[PDB]
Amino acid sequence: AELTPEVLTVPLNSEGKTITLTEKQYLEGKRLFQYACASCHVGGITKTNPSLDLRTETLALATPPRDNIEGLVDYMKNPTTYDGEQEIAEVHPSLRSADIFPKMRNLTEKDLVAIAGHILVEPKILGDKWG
């Protein structure tokens, strides 16, 4: 609904720690996600591979868990297959493949956190519309 505490608060790691994103992080997240991710994940979907969307439940069942800030930031640095067995930076934009995916060259740690925050917050605002 509105940017209330539960909407802005998401898991920071898989151990249970949480983080309450700021309104500024919320706005930065929308800007950055549109810039570097929307081309393939607009609205939470995943073009070319619909089943591996950005819905929170889908991320929670990924390996390692991607339903928390650290897990998503880690994915943006070193993306892996859903079972976490193989790294896929050559196909998936990441800091490790920033040479062939230029838009990733300009992302700071703070930017990565904001983008991760966007992914975890949106479904709480859009419900099923996300994904």
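Heads up: residue numbers just count along the shown sequence, starting at 1.
With 2-10 and 121-129 compared on mean CA B-factor from the PDB entry, the stretch scoring higher is 121-129. Look at the mean CA B-factor for 107-115 and for 11-19 in the entry; the higher one is 11-19. Looking at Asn49, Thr81, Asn68, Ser97, the one whose CA carries the top B-factor in the deposited record is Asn49.
The entry assigns its greatest Cα B factor, within the set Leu32, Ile45, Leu72, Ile88, to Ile45.
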